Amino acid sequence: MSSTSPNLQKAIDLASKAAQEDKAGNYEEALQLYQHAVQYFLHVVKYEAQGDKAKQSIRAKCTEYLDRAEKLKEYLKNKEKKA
């Protein structure tokens, strides 16, 4: 078995904390964590070397985190429209 790059480890940690913060209802913190996770996942997949299977899993996680993140942006826009 093989090595997880430090940038890719950053991506997973951030995502992990995003998920935690998401479920806790701290949506503003969650959103930032998701966004930065995606930033690292994109960097890794583009400029670090990995197999097809690795790229395919990163693409998958990228999709999920941007989905949720965008949904949180829209939520926060409407929470803010209140005032």
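Residue numbers run from 1 along the displayed sequence.
As the entry records it, the average C-alpha temperature factor is higher for 18 to 26, out of 18 to 26 and 5 to 13. Split the chain's modelled residues into thirds by C-alpha temperature factor. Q35 is in the middle one. Looking at the C-alpha B-factors along this chain, the one for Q50 belongs to the highest third. Among all modelled residues in its chain, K61 ranks in the lowest third by Cα B-factor.
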